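Read through the structure below, which is laid out as structure tokens, and then see the notes.
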Amino acid sequence: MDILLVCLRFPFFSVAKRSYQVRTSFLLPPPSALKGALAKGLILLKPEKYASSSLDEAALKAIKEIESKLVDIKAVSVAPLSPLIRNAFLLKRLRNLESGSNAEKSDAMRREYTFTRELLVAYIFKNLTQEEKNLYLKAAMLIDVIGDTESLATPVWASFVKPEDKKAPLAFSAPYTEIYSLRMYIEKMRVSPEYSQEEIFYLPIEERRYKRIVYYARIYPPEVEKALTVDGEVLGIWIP
RNA sequence: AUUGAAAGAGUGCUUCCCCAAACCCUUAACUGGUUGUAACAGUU
């Protein structure tokens with residue numbers, strides 16, 4: 001039982017809801033975005049099994065393999081330790097995807113983003129082989145973008161941390177289906193990527209303010225018997 | 001390769017041009033370094 005822990009000092013990401021005329025984003029990267037980034041890294045390493053007729057089904061089978069090697073659908077988690085905040089960006093995005101209306105149709109969409117400093121990302125596996133563990137360790141890097149291509153990501157280091165079975169407060173995401181008894185945040189982040197199911201995620205991140213805004217930080221973590229230590233502090237990852 | 005793939009709030013704009021801190025305006029005036037005092041006494 002090992003956990004792939006990756007540190008990335010990415011500046012921004014954009015992952016919106018079912019949104020139009022504006023794209024308000026999640027406070028933390030969704031599991032789907034992390035899985036897509038890992039699939040991109042795996043494809044970049046070697047397309048010995050990810051190369052086929054179409055890119056759509058190739059990405060679909062890459063995500064299927066990732067889910068198969070992960071314990072379950074809601075396995076990969078993300079946890080910040082720096083105060084992250086949500087800001088707004090107005091960019092001229094094309095809206096030609098609508099019914100007709102030529103192809104150069106573009107409007108100034110308020111594509112808002114989320115600024116931060118540093119986050120931890122944990123992947124849960126099922127005792128993968130040494131060759132595959134090395135492949136995923138070298139796939140833990142090459143995360144050169146998160147969410148949209150307008151905001152990129154940059155990993156710092158990757159490691160294989162052990163659960164070590166110590167009781168401590170947690171900071172990583174966990175599904176709300178089984179977490180009821182545990183200052184609390186909760187939304188849906190589409191854990192299953194859509195390539196052409198119903199669950200809600202929980203985040204231990206509050207709102208806070210400085211003058212009239214909200215910069216999201218973490219306070220009063222709940223108690224979970226599963227936690228580990230890294231970089232001198234203590235984090236907590238839920239285990240199904 | 002990620003509710004993500006494509007993605008200009010962006011494209012031109014003299015805060016500009018005109019406009020004397022400008023004009024009139026004797027530190028000016030009245031007023032002594034002034035007054036007294038042997039380089040002196042004495043010397044082959």
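A note on labels: chains of the structure tokens are A, B, ... as shown, every chain counts residues from 1, and ligands are counted from 1 in their shown order.
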
Next on the checklist: For residue 6 in chain B, find every residue with an atom within 12 Å (counting only C-alpha atoms (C1' of nucleotides)), except residues of its own chain fewer than 6 positions away, and show them as an NGL selection string.
Outcome noted: :A and (93-97 or 103-104 or 106 or 148-150)

Item to check | Within 8 Å of chain B: residues of chain A, using only C-alpha atoms (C1' of nucleotides), as an NGL selection string | outcome: :A and (15-18 or 32-37 or 39-41 or 43 or 59 or 90-94 or 108 or 146-148 or 190 or 193-194)

Next, dump the selected residues to file, keeping only N, CA, C and O atoms, as an mmCIF file, in the first residue's frame.
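Once written, result.cif looks like this:
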data_model
loop_
_atom_site.group_PDB
_atom_site.id
_atom_site.type_symbol
_atom_site.label_atom_id
_atom_site.label_comp_id
_atom_site.auth_asym_id
_atom_site.auth_seq_id
_atom_site.Cartn_x
_atom_site.Cartn_y
_atom_site.Cartn_z
ATOM 1 N N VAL A 15 -11.439 25.052 -13.959
ATOM 2 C CA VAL A 15 -12.335 23.909 -14.115
ATOM 3 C C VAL A 15 -13.727 24.356 -13.675
ATOM 4 O O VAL A 15 -14.017 24.444 -12.476
ATOM 5 N N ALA A 16 -14.589 24.646 -14.643
ATOM 6 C CA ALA A 16 -15.878 25.263 -14.378
ATOM 7 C C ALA A 16 -16.993 24.225 -14.282
ATOM 8 O O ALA A 16 -16.841 23.067 -14.677
ATOM 9 N N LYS A 17 -18.127 24.669 -13.742
ATOM 10 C CA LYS A 17 -19.344 23.869 -13.667
ATOM 11 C C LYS A 17 -20.095 23.946 -14.988
ATOM 12 O O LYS A 17 -19.541 24.391 -15.999
ATOM 13 N N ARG A 18 -21.356 23.513 -14.994
ATOM 14 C CA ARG A 18 -22.225 23.705 -16.154
ATOM 15 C C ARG A 18 -22.551 25.194 -16.223
ATOM 16 O O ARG A 18 -23.589 25.667 -15.752
ATOM 17 N N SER A 32 -10.911 14.399 -12.018
ATOM 18 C CA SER A 32 -10.863 14.200 -13.464
ATOM 19 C C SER A 32 -9.689 14.943 -14.088
ATOM 20 O O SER A 32 -9.005 14.408 -14.966
ATOM 21 N N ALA A 33 -9.444 16.180 -13.650
ATOM 22 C CA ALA A 33 -8.317 16.941 -14.183
ATOM 23 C C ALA A 33 -6.990 16.273 -13.848
ATOM 24 O O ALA A 33 -6.090 16.199 -14.694
ATOM 25 N N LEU A 34 -6.852 15.781 -12.616
ATOM 26 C CA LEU A 34 -5.622 15.105 -12.217
ATOM 27 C C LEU A 34 -5.409 13.832 -13.027
ATOM 28 O O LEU A 34 -4.290 13.549 -13.478
ATOM 29 N N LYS A 35 -6.476 13.054 -13.228
ATOM 30 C CA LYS A 35 -6.368 11.841 -14.029
ATOM 31 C C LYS A 35 -6.010 12.164 -15.474
ATOM 32 O O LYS A 35 -5.213 11.454 -16.095
ATOM 33 N N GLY A 36 -6.589 13.233 -16.024
ATOM 34 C CA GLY A 36 -6.241 13.633 -17.378
ATOM 35 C C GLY A 36 -4.793 14.067 -17.504
ATOM 36 O O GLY A 36 -4.123 13.747 -18.488
ATOM 37 N N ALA A 37 -4.292 14.806 -16.510
ATOM 38 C CA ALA A 37 -2.887 15.201 -16.523
ATOM 39 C C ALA A 37 -1.971 13.984 -16.446
ATOM 40 O O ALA A 37 -0.958 13.912 -17.156
ATOM 41 N N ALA A 39 -2.711 10.951 -17.436
ATOM 42 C CA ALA A 39 -2.817 10.271 -18.723
ATOM 43 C C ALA A 39 -1.980 10.972 -19.786
ATOM 44 O O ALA A 39 -1.342 10.315 -20.618
ATOM 45 N N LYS A 40 -1.978 12.307 -19.779
ATOM 46 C CA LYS A 40 -1.129 13.051 -20.703
ATOM 47 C C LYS A 40 0.340 12.735 -20.468
ATOM 48 O O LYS A 40 1.102 12.536 -21.423
ATOM 49 N N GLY A 41 0.757 12.683 -19.202
ATOM 50 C CA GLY A 41 2.132 12.315 -18.904
ATOM 51 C C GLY A 41 2.477 10.917 -19.382
ATOM 52 O O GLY A 41 3.548 10.690 -19.954
ATOM 53 N N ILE A 43 1.064 9.253 -21.842
ATOM 54 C CA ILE A 43 1.143 9.277 -23.300
ATOM 55 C C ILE A 43 2.460 9.894 -23.751
ATOM 56 O O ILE A 43 3.098 9.415 -24.697
ATOM 57 N N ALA A 59 -7.565 8.370 -25.065
ATOM 58 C CA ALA A 59 -7.674 8.988 -23.749
ATOM 59 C C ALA A 59 -8.676 8.244 -22.878
ATOM 60 O O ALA A 59 -8.470 8.094 -21.668
ATOM 61 N N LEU A 90 -11.273 38.311 -17.599
ATOM 62 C CA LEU A 90 -12.181 38.513 -18.724
ATOM 63 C C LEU A 90 -11.410 38.274 -20.017
ATOM 64 O O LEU A 90 -10.541 39.071 -20.385
ATOM 65 N N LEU A 91 -11.725 37.178 -20.705
ATOM 66 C CA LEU A 91 -11.034 36.804 -21.931
ATOM 67 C C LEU A 91 -12.047 36.611 -23.049
ATOM 68 O O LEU A 91 -13.151 36.114 -22.816
ATOM 69 N N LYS A 92 -11.668 37.005 -24.261
ATOM 70 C CA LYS A 92 -12.531 36.837 -25.428
ATOM 71 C C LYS A 92 -12.464 35.382 -25.868
ATOM 72 O O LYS A 92 -11.515 34.962 -26.536
ATOM 73 N N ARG A 93 -13.474 34.606 -25.489
ATOM 74 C CA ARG A 93 -13.565 33.198 -25.839
ATOM 75 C C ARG A 93 -14.575 33.026 -26.965
ATOM 76 O O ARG A 93 -15.611 33.696 -26.989
ATOM 77 N N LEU A 94 -14.263 32.139 -27.905
ATOM 78 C CA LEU A 94 -15.148 31.912 -29.036
ATOM 79 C C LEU A 94 -16.339 31.067 -28.607
ATOM 80 O O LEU A 94 -16.203 30.129 -27.815
ATOM 81 N N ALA A 108 -16.640 38.222 -24.809
ATOM 82 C CA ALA A 108 -15.784 38.410 -23.639
ATOM 83 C C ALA A 108 -16.390 37.651 -22.467
ATOM 84 O O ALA A 108 -17.227 38.165 -21.725
ATOM 85 N N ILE A 146 -2.668 22.234 -16.053
ATOM 86 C CA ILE A 146 -3.807 21.760 -15.278
ATOM 87 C C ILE A 146 -5.042 22.523 -15.735
ATOM 88 O O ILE A 146 -4.992 23.741 -15.941
ATOM 89 N N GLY A 147 -6.147 21.803 -15.913
ATOM 90 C CA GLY A 147 -7.354 22.411 -16.434
ATOM 91 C C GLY A 147 -7.185 22.874 -17.866
ATOM 92 O O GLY A 147 -6.809 22.085 -18.739
ATOM 93 N N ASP A 148 -7.457 24.150 -18.123
ATOM 94 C CA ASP A 148 -7.299 24.691 -19.463
ATOM 95 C C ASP A 148 -5.832 24.993 -19.761
ATOM 96 O O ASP A 148 -4.996 25.111 -18.862
ATOM 97 N N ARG A 190 -17.337 16.324 -10.663
ATOM 98 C CA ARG A 190 -17.350 15.437 -11.829
ATOM 99 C C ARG A 190 -16.130 14.509 -11.826
ATOM 100 O O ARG A 190 -15.232 14.597 -12.666
ATOM 101 N N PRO A 193 -14.564 11.645 -15.795
ATOM 102 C CA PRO A 193 -14.479 12.453 -17.017
ATOM 103 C C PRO A 193 -15.489 11.992 -18.055
ATOM 104 O O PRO A 193 -15.820 10.807 -18.153
ATOM 105 N N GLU A 194 -15.978 12.947 -18.840
ATOM 106 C CA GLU A 194 -16.982 12.686 -19.864
ATOM 107 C C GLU A 194 -16.310 12.657 -21.230
ATOM 108 O O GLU A 194 -15.651 13.626 -21.624
#

If you take only C-alpha atoms and a cut-off of 12 Å, which residues of range 75-185 of chain A touch range 213-221 of chain A, and what are their nearest atom pairs and distances in Å to one decimal, in chain and number order, as a Markdown table?
| residue | atom | partner | partner_atom | distance |
| --- | --- | --- | --- | --- |
| A:79 | CA | A:218 | CA | 9.4 |
| A:80 | CA | A:217 | CA | 7.9 |
| A:81 | CA | A:218 | CA | 7.4 |
| A:82 | CA | A:217 | CA | 7.0 |
| A:83 | CA | A:217 | CA | 4.8 |
| A:84 | CA | A:216 | CA | 5.2 |
| A:85 | CA | A:215 | CA | 4.0 |
| A:86 | CA | A:215 | CA | 6.8 |
| A:87 | CA | A:213 | CA | 9.4 |
| A:88 | CA | A:213 | CA | 11.9 |
| A:114 | CA | A:215 | CA | 9.6 |
| A:115 | CA | A:215 | CA | 9.3 |
| A:116 | CA | A:216 | CA | 9.4 |
| A:117 | CA | A:217 | CA | 11.7 |
| A:119 | CA | A:217 | CA | 11.7 |
| A:168 | CA | A:221 | CA | 9.3 |
| A:169 | CA | A:221 | CA | 5.5 |
| A:170 | CA | A:221 | CA | 6.0 |
| A:171 | CA | A:221 | CA | 6.5 |
| A:172 | CA | A:221 | CA | 9.7 |
| A:173 | CA | A:221 | CA | 11.2 |
| A:182 | CA | A:221 | CA | 9.0 |
| A:183 | CA | A:219 | CA | 6.7 |
| A:184 | CA | A:220 | CA | 8.8 |
| A:185 | CA | A:218 | CA | 10.2 |

Would you write out those residues with N, CA, C and O atoms, as a short mmCIF file (atom, residue, chain, number, x, y, z; two decimals), in the first residue's frame?
data_model
loop_
_atom_site.label_atom_id
_atom_site.label_comp_id
_atom_site.auth_asym_id
_atom_site.auth_seq_id
_atom_site.Cartn_x
_atom_site.Cartn_y
_atom_site.Cartn_z
N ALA A 79 -4.89 18.47 -1.67
CA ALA A 79 -4.95 19.22 -0.42
C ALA A 79 -3.99 20.40 -0.44
O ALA A 79 -2.79 20.22 -0.67
N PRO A 80 -4.48 21.62 -0.22
CA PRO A 80 -3.60 22.78 -0.13
C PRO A 80 -3.16 23.06 1.30
O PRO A 80 -3.83 22.72 2.27
N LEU A 81 -1.99 23.70 1.41
CA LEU A 81 -1.51 24.20 2.69
C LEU A 81 -1.30 25.70 2.71
O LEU A 81 -1.12 26.26 3.80
N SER A 82 -1.31 26.37 1.56
CA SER A 82 -1.19 27.80 1.40
C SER A 82 -2.56 28.43 1.15
O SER A 82 -3.44 27.79 0.57
N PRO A 83 -2.76 29.68 1.56
CA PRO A 83 -4.07 30.32 1.34
C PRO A 83 -4.33 30.62 -0.12
O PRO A 83 -3.68 31.50 -0.71
N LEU A 84 -5.27 29.90 -0.72
CA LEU A 84 -5.64 30.10 -2.11
C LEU A 84 -6.88 30.98 -2.21
O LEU A 84 -7.75 30.95 -1.33
N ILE A 85 -6.95 31.77 -3.28
CA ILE A 85 -8.01 32.76 -3.46
C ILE A 85 -8.55 32.63 -4.88
O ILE A 85 -7.91 32.03 -5.75
N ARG A 86 -9.74 33.16 -5.09
CA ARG A 86 -10.42 33.10 -6.38
C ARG A 86 -10.51 34.49 -6.98
O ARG A 86 -11.04 35.41 -6.34
N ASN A 87 -10.00 34.66 -8.19
CA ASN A 87 -10.01 35.94 -8.89
C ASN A 87 -10.70 35.77 -10.24
O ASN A 87 -11.06 34.66 -10.65
N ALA A 88 -10.88 36.89 -10.95
CA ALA A 88 -11.65 36.92 -12.18
C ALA A 88 -10.80 37.40 -13.34
O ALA A 88 -10.00 38.33 -13.19
N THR A 114 -8.37 30.63 -10.19
CA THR A 114 -8.06 30.48 -8.77
C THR A 114 -6.55 30.54 -8.60
O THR A 114 -5.82 29.68 -9.10
N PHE A 115 -6.08 31.56 -7.88
CA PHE A 115 -4.66 31.69 -7.58
C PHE A 115 -4.32 30.96 -6.28
O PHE A 115 -5.14 30.87 -5.36
N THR A 116 -3.10 30.44 -6.23
CA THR A 116 -2.61 29.72 -5.06
C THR A 116 -1.09 29.75 -5.08
O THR A 116 -0.47 30.38 -5.95
N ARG A 117 -0.48 29.07 -4.12
CA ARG A 117 0.97 28.96 -4.03
C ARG A 117 1.47 27.53 -4.21
O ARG A 117 2.32 27.28 -5.07
N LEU A 119 0.25 23.13 -3.62
CA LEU A 119 -0.71 22.09 -3.25
C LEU A 119 -0.04 20.73 -3.30
O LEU A 119 0.93 20.51 -4.03
N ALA A 168 -4.36 11.38 13.03
CA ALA A 168 -4.09 12.80 12.91
C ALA A 168 -5.18 13.43 12.06
O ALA A 168 -5.81 12.73 11.26
N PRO A 169 -5.43 14.73 12.20
CA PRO A 169 -6.42 15.39 11.35
C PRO A 169 -6.01 15.36 9.89
O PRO A 169 -4.83 15.38 9.55
N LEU A 170 -7.01 15.31 9.01
CA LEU A 170 -6.80 15.19 7.58
C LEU A 170 -6.94 16.54 6.90
O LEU A 170 -7.49 17.50 7.45
N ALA A 171 -6.43 16.61 5.66
CA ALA A 171 -6.55 17.80 4.84
C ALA A 171 -6.94 17.52 3.40
O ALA A 171 -7.28 18.47 2.68
N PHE A 172 -6.92 16.27 2.96
CA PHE A 172 -7.22 15.93 1.58
C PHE A 172 -8.72 15.76 1.37
O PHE A 172 -9.50 15.65 2.32
N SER A 173 -9.12 15.74 0.11
CA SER A 173 -10.52 15.58 -0.25
C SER A 173 -11.00 14.16 0.04
O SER A 173 -10.21 13.21 0.07
N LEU A 182 -18.09 13.25 10.13
CA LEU A 182 -16.79 13.92 10.09
C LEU A 182 -15.84 13.37 11.16
O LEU A 182 -15.58 12.17 11.21
N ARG A 183 -16.77 26.11 8.02
CA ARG A 183 -15.71 25.19 8.42
C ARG A 183 -15.76 23.90 7.61
O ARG A 183 -14.88 23.05 7.72
N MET A 184 -16.81 23.76 6.80
CA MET A 184 -16.99 22.60 5.94
C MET A 184 -17.40 23.06 4.55
O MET A 184 -18.23 23.96 4.40
N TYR A 185 -16.80 22.45 3.53
CA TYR A 185 -17.09 22.79 2.14
C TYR A 185 -17.49 21.52 1.41
O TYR A 185 -17.01 20.44 1.72
#

Checklist entry - Got a sec: who's within 10 Å of residue 153 in chain A, counting only C-alpha atoms (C1' of nucleotides), leaving out chain neighbours fewer than 4 positions off, as a list in words? => result residues 8, 9, 10, 11, 12, 13, 37, 142, 143, 144, 145, 146, 147 and 149 of chain A

Checklist entry - Residues of range 62-152 of chain A in strand (DSSP E) according to DSSP, as a ChimeraX atom specification? => result /A:77-80,84-87,90-94,106-110,113-115,119-124

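Running DSSP on the backbone gives alpha helix (DSSP H) for these residues within range 60-238 of chain A: residues 60, 61, 62, 63, 64, 65, 66, 67, 68, 69, 130, 131, 132, 133, 134, 135, 136, 137, 138, 139 and 140 of chain A.
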
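All residues of protein, DNA or RNA that reach within 9 Å of residue 240 in chain A, judged by only C-alpha atoms (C1' of nucleotides) and not counting those fewer than 6 positions away in the chain, are residues 71, 72 and 75 of chain A.
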